[PDB]
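A quick write-up on the structure given underneath.
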2 protein chains.
Amino acid sequence: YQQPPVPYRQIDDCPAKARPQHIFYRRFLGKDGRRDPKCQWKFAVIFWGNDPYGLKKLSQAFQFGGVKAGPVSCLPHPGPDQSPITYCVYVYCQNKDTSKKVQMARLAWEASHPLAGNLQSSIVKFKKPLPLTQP
Amino acid sequence: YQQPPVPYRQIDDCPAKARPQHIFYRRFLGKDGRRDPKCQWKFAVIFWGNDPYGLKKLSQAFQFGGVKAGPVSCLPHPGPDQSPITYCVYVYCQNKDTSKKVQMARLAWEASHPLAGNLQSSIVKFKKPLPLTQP
């Protein structure tokens, strides 16, 4: 089955290809990327595109205390036929502003590296808290 | 990578073990299973549990015009540690009404069948419409 990406004890645990991306997000998020055990996770941001690789790097690029990305999934076919697959990644955040910043984070990364694909993203709000909290 | 669930042009295509659940939702949702162009898909429902099995059936149980479930995926690890895996499936809908009816469609099945466990669920809202409609 599908397994979520591993947590990082040290920054060297991050896959080499996504290492420049994980660092940038870190510095950018800063204390916002830190976990705030007050906050319940009702929010996320869904990145989707045609390229599964750039989304894979993004999945392993955001891994933090307050910002966590799920593995690489896909959206079901729009019509009766099989459309070209649109892969998607859910990055779960702790609030409305954090998710906005995670959206800005990837947008900033895309401005730094035009060779990286320019993705699509939408803010997500869950009505119920997701069990991303550590006991 | 992961693959989106293959659409069904007919009832038989649903996996043998998951057949009764699919037919249940088809009658239960009814007119709500219709595909309405007027409403873009801003909504969804995420079911989650430890059992990847019950999520598989559900993922292939909801496939309709106005109801599309994605592939079986998972939530990120709660802490820096490694935790027992919590799987999840996003059932996408074009409105708050259909999605809220999808949620109780599962509960109606759960109360009917003691074998299928009780899955925690949350209503999902996206601000930007997802590309779930014909080109």
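Quick note on naming: the chains in the structure tokens go A, B, ... in the order shown, residues restart at 1 in each chain, and ligands are numbered from 1 in order of appearance.
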
Enumerate, in order of chain and increasing residue number, the residues of chain B with an atom no farther than 8 Å from chain A, each with its shortest atom pair and distance in Å to one decimal, counting only C-alpha atoms, as a tab-separated table.
```
residue	atom	partner	partner_atom	distance
B:1	CA	A:72	CA	7.5
B:2	CA	A:73	CA	6.0
B:3	CA	A:74	CA	6.6
B:4	CA	A:76	CA	5.1
B:5	CA	A:76	CA	6.2
B:6	CA	A:82	CA	7.6
B:7	CA	A:80	CA	6.4
B:8	CA	A:80	CA	7.6
B:9	CA	A:80	CA	7.1
B:52	CA	A:1	CA	7.9
B:68	CA	A:76	CA	6.4
B:69	CA	A:76	CA	6.6
B:70	CA	A:76	CA	5.3
B:71	CA	A:73	CA	7.0
B:72	CA	A:2	CA	7.5
B:73	CA	A:2	CA	6.1
B:74	CA	A:4	CA	6.2
B:75	CA	A:70	CA	5.8
B:76	CA	A:70	CA	5.3
B:77	CA	A:132	CA	6.8
B:78	CA	A:132	CA	4.4
B:79	CA	A:134	CA	5.1
B:80	CA	A:7	CA	5.5
B:81	CA	A:7	CA	7.0
B:82	CA	A:7	CA	7.6
B:85	CA	A:3	CA	7.5
B:121	CA	A:128	CA	7.7
B:122	CA	A:128	CA	5.2
B:123	CA	A:127	CA	5.5
B:124	CA	A:126	CA	4.9
B:125	CA	A:125	CA	5.4
B:126	CA	A:124	CA	4.9
B:127	CA	A:123	CA	6.1
B:128	CA	A:122	CA	5.4
B:131	CA	A:78	CA	7.0
B:132	CA	A:78	CA	4.3
B:133	CA	A:78	CA	4.6
B:134	CA	A:79	CA	5.3
B:135	CA	A:78	CA	7.8
```

Would you save the residues from that selection as a CSV table (one decimal), in the first residue's frame, using N, CA and C atoms?
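Once written, selection.csv looks like this:
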```csv
chain,number,residue,atom,x,y,z
B,1,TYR,N,4.1,5.9,-9.8
B,1,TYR,CA,3.4,6.5,-8.8
B,1,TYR,C,2.0,5.9,-8.6
B,2,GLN,N,1.2,6.6,-7.8
B,2,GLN,CA,-0.2,6.2,-7.5
B,2,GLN,C,-1.1,6.4,-8.8
B,3,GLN,N,-2.2,5.7,-8.9
B,3,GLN,CA,-3.1,5.8,-10.0
B,3,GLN,C,-4.5,6.1,-9.6
B,4,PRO,N,-5.2,7.0,-10.3
B,4,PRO,CA,-6.6,7.3,-10.0
B,4,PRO,C,-7.4,6.1,-10.2
B,5,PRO,N,-8.5,5.9,-9.5
B,5,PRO,CA,-9.4,4.8,-9.7
B,5,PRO,C,-10.0,4.8,-11.1
B,6,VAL,N,-10.0,3.7,-11.8
B,6,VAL,CA,-10.5,3.6,-13.1
B,6,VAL,C,-12.1,3.7,-13.0
B,7,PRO,N,-12.6,4.6,-13.8
B,7,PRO,CA,-14.1,4.9,-13.8
B,7,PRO,C,-14.9,3.7,-14.3
B,8,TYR,N,-16.1,3.6,-13.9
B,8,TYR,CA,-17.0,2.5,-14.3
B,8,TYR,C,-18.0,3.0,-15.3
B,9,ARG,N,-18.2,2.3,-16.4
B,9,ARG,CA,-19.3,2.6,-17.4
B,9,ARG,C,-20.5,1.8,-17.0
B,52,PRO,N,-6.6,0.0,5.9
B,52,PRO,CA,-6.5,0.3,4.5
B,52,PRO,C,-7.5,-0.4,3.7
B,68,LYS,N,-16.9,11.6,-6.8
B,68,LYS,CA,-15.7,11.0,-7.2
B,68,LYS,C,-14.7,10.8,-6.1
B,69,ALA,N,-14.4,9.6,-5.8
B,69,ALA,CA,-13.4,9.3,-4.7
B,69,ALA,C,-12.0,9.1,-5.3
B,70,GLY,N,-11.0,9.6,-4.6
B,70,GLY,CA,-9.6,9.4,-5.1
B,70,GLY,C,-9.1,8.0,-4.7
B,71,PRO,N,-7.8,7.8,-5.0
B,71,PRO,CA,-7.1,6.6,-4.6
B,71,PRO,C,-6.9,6.5,-3.0
B,72,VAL,N,-6.6,5.4,-2.5
B,72,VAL,CA,-6.4,5.3,-1.0
B,72,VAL,C,-5.1,5.9,-0.7
B,73,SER,N,-5.1,6.9,0.2
B,73,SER,CA,-3.9,7.6,0.6
B,73,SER,C,-3.8,7.6,2.1
B,74,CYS,N,-2.8,8.4,2.6
B,74,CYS,CA,-2.5,8.4,4.0
B,74,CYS,C,-2.2,9.8,4.6
B,75,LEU,N,-2.4,9.9,5.9
B,75,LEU,CA,-2.0,11.2,6.6
B,75,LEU,C,-0.6,11.1,7.1
B,76,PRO,N,0.1,12.3,7.2
B,76,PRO,CA,1.5,12.3,7.6
B,76,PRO,C,1.6,11.9,9.1
B,77,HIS,N,2.8,11.5,9.5
B,77,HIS,CA,3.1,11.1,10.8
B,77,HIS,C,2.9,12.2,11.8
B,78,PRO,N,2.3,11.9,13.0
B,78,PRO,CA,1.9,13.0,14.0
B,78,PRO,C,3.2,13.6,14.6
B,79,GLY,N,4.2,12.8,15.0
B,79,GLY,CA,5.4,13.4,15.6
B,79,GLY,C,6.6,13.2,14.7
B,80,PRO,N,7.8,13.5,15.3
B,80,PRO,CA,9.1,13.2,14.7
B,80,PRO,C,9.3,11.7,14.7
B,81,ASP,N,8.6,11.0,15.5
B,81,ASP,CA,8.7,9.5,15.6
B,81,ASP,C,8.0,8.9,14.4
B,82,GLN,N,8.0,7.5,14.4
B,82,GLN,CA,7.2,6.7,13.5
B,82,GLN,C,6.0,6.2,14.2
B,85,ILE,N,0.1,3.7,10.9
B,85,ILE,CA,-0.3,4.5,9.8
B,85,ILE,C,-1.8,4.7,9.8
B,121,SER,N,-14.8,10.9,9.7
B,121,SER,CA,-14.9,11.7,8.5
B,121,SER,C,-14.9,13.2,8.8
B,122,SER,N,-14.5,14.0,7.8
B,122,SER,CA,-14.6,15.4,7.9
B,122,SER,C,-15.0,16.0,6.5
B,123,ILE,N,-15.8,17.1,6.5
B,123,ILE,CA,-16.2,17.8,5.3
B,123,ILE,C,-15.0,18.7,4.9
B,124,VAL,N,-14.7,18.6,3.6
B,124,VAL,CA,-13.6,19.4,3.0
B,124,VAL,C,-14.1,20.5,2.1
B,125,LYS,N,-13.5,21.7,2.3
B,125,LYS,CA,-13.9,22.8,1.4
B,125,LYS,C,-12.6,23.4,0.7
B,126,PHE,N,-12.6,23.5,-0.6
B,126,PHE,CA,-11.6,24.2,-1.3
B,126,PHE,C,-12.1,25.5,-1.8
B,127,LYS,N,-11.3,26.6,-1.7
B,127,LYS,CA,-11.7,27.9,-2.2
B,127,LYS,C,-11.6,28.0,-3.7
B,128,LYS,N,-10.6,27.4,-4.3
B,128,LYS,CA,-10.4,27.3,-5.8
B,128,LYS,C,-11.0,26.0,-6.3
B,131,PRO,N,-10.1,20.7,-10.9
B,131,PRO,CA,-10.3,20.3,-12.3
B,131,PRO,C,-11.0,18.9,-12.4
B,132,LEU,N,-12.2,18.7,-11.8
B,132,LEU,CA,-12.9,17.5,-11.8
B,132,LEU,C,-14.0,17.4,-12.9
B,133,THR,N,-14.0,18.4,-13.8
B,133,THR,CA,-15.0,18.4,-14.8
B,133,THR,C,-14.4,18.3,-16.2
B,134,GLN,N,-15.3,17.8,-17.2
B,134,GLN,CA,-14.9,17.7,-18.6
B,134,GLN,C,-14.2,18.9,-19.1
B,135,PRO,N,-13.0,18.7,-19.8
B,135,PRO,CA,-12.0,19.7,-20.2
B,135,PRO,C,-12.5,21.1,-20.2
```

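Chain copies chain A and chain B align, over all their C-alpha atoms in order, to a least-squares RMSD of 0.5 Å.
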
Open item on the list: Please extract the residues of range 6-135 of chain A with a backbone DSSP assignment of helix (DSSP H, G or I) and present them as a PyMOL selection string.
Closed with: chain A and resi 11-13+16-32+52-61+96-112

Generate the output file for the selected residues, N, CA and C atoms, as a compact mmCIF listing (two decimals), in the first residue's frame.
```
# COMPACT_ATOMS: atom_id res chain seq x y z
N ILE A 11 18.54 17.32 9.11
CA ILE A 11 18.26 17.82 7.77
C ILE A 11 18.85 16.92 6.68
N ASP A 12 19.80 16.07 7.06
CA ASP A 12 20.40 15.13 6.12
C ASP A 12 19.46 13.97 5.80
N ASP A 13 18.39 13.84 6.59
CA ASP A 13 17.40 12.80 6.34
C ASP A 13 16.56 13.13 5.11
N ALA A 16 18.06 14.12 -1.17
CA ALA A 16 19.00 15.09 -1.73
C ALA A 16 18.37 16.08 -2.70
N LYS A 17 17.49 15.59 -3.57
CA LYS A 17 16.89 16.43 -4.60
C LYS A 17 15.98 17.50 -4.01
N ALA A 18 15.33 17.18 -2.89
CA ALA A 18 14.42 18.12 -2.25
C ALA A 18 15.08 18.91 -1.13
N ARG A 19 16.36 18.62 -0.88
CA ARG A 19 17.12 19.32 0.16
C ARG A 19 17.20 20.84 -0.01
N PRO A 20 17.48 21.34 -1.23
CA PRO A 20 17.47 22.80 -1.37
C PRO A 20 16.09 23.40 -1.11
N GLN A 21 15.04 22.62 -1.37
CA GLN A 21 13.67 23.09 -1.19
C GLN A 21 13.24 23.05 0.28
N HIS A 22 13.65 22.00 0.98
CA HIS A 22 13.32 21.85 2.40
C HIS A 22 13.95 22.95 3.24
N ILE A 23 15.18 23.33 2.89
CA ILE A 23 15.89 24.38 3.60
C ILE A 23 15.20 25.73 3.43
N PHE A 24 14.86 26.07 2.19
CA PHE A 24 14.23 27.35 1.88
C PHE A 24 12.90 27.53 2.61
N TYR A 25 12.08 26.49 2.60
CA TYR A 25 10.80 26.52 3.29
C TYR A 25 11.00 26.74 4.78
N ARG A 26 11.97 26.01 5.34
CA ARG A 26 12.34 26.15 6.74
C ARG A 26 12.63 27.60 7.12
N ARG A 27 13.64 28.18 6.48
CA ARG A 27 13.99 29.58 6.69
C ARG A 27 12.81 30.52 6.47
N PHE A 28 11.98 30.22 5.47
CA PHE A 28 10.84 31.06 5.14
C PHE A 28 9.73 30.96 6.18
N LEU A 29 9.35 29.74 6.53
CA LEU A 29 8.33 29.51 7.55
C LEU A 29 8.81 30.02 8.90
N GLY A 30 10.03 29.63 9.28
CA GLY A 30 10.61 30.05 10.54
C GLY A 30 9.86 29.50 11.73
N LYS A 31 9.43 30.39 12.62
CA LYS A 31 8.69 30.01 13.81
C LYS A 31 7.23 29.68 13.49
N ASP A 32 6.79 30.03 12.28
CA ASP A 32 5.45 29.68 11.83
C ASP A 32 5.40 28.20 11.47
N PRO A 52 4.40 14.49 -11.59
CA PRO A 52 4.42 13.80 -10.29
C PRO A 52 5.75 13.95 -9.55
N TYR A 53 6.83 14.21 -10.29
CA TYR A 53 8.15 14.33 -9.69
C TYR A 53 8.30 15.60 -8.86
N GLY A 54 7.92 16.73 -9.45
CA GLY A 54 7.98 18.01 -8.77
C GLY A 54 7.09 18.03 -7.53
N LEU A 55 6.02 17.25 -7.57
CA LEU A 55 5.12 17.12 -6.44
C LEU A 55 5.71 16.20 -5.38
N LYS A 56 6.48 15.21 -5.82
CA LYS A 56 7.16 14.32 -4.89
C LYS A 56 8.19 15.09 -4.09
N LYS A 57 8.98 15.91 -4.78
CA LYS A 57 9.96 16.76 -4.12
C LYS A 57 9.28 17.72 -3.15
N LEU A 58 8.12 18.25 -3.55
CA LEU A 58 7.35 19.15 -2.70
C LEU A 58 6.85 18.44 -1.45
N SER A 59 6.46 17.17 -1.62
CA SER A 59 5.96 16.37 -0.51
C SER A 59 7.03 16.18 0.56
N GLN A 60 8.25 15.90 0.12
CA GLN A 60 9.37 15.72 1.03
C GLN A 60 10.04 17.05 1.37
N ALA A 61 9.66 18.11 0.66
CA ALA A 61 10.19 19.45 0.93
C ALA A 61 9.51 20.07 2.14
N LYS A 96 -5.29 29.13 9.27
CA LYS A 96 -5.62 29.85 8.04
C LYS A 96 -4.41 30.59 7.48
N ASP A 97 -3.66 31.25 8.35
CA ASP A 97 -2.49 32.03 7.94
C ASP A 97 -1.32 31.15 7.53
N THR A 98 -1.11 30.06 8.25
CA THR A 98 -0.02 29.13 7.94
C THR A 98 -0.19 28.57 6.53
N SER A 99 -1.39 28.09 6.23
CA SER A 99 -1.70 27.54 4.92
C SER A 99 -1.50 28.58 3.82
N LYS A 100 -1.78 29.84 4.14
CA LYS A 100 -1.54 30.94 3.21
C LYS A 100 -0.05 31.13 2.98
N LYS A 101 0.74 30.91 4.03
CA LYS A 101 2.18 31.09 3.95
C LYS A 101 2.85 29.93 3.22
N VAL A 102 2.30 28.73 3.39
CA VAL A 102 2.78 27.55 2.68
C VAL A 102 2.50 27.71 1.19
N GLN A 103 1.40 28.39 0.88
CA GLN A 103 1.05 28.70 -0.49
C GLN A 103 2.06 29.69 -1.06
N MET A 104 2.39 30.71 -0.27
CA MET A 104 3.39 31.71 -0.66
C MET A 104 4.78 31.09 -0.76
N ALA A 105 5.04 30.09 0.08
CA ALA A 105 6.35 29.44 0.14
C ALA A 105 6.71 28.76 -1.18
N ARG A 106 5.79 27.95 -1.70
CA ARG A 106 6.00 27.27 -2.97
C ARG A 106 6.05 28.28 -4.11
N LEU A 107 5.20 29.30 -4.03
CA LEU A 107 5.18 30.36 -5.03
C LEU A 107 6.51 31.11 -5.07
N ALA A 108 7.14 31.26 -3.91
CA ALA A 108 8.45 31.90 -3.83
C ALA A 108 9.54 31.00 -4.41
N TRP A 109 9.42 29.70 -4.16
CA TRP A 109 10.36 28.73 -4.70
C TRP A 109 10.30 28.69 -6.23
N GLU A 110 9.09 28.83 -6.77
CA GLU A 110 8.89 28.83 -8.21
C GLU A 110 9.45 30.09 -8.86
N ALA A 111 9.51 31.17 -8.08
CA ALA A 111 10.08 32.42 -8.57
C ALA A 111 11.60 32.35 -8.58
N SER A 112 12.15 31.55 -7.67
CA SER A 112 13.59 31.35 -7.58
C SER A 112 14.09 30.44 -8.69
```

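Atom pair CA of residue 39 in chain B / CA of residue 95 in chain B: separated by 6.6 Å.
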
Task: DSSP-assigned strand (DSSP E or B) among chain A, expressed as a VMD selection string - done: chain A and resid 43 to 49 63 68 to 75 86 to 93 120 to 126
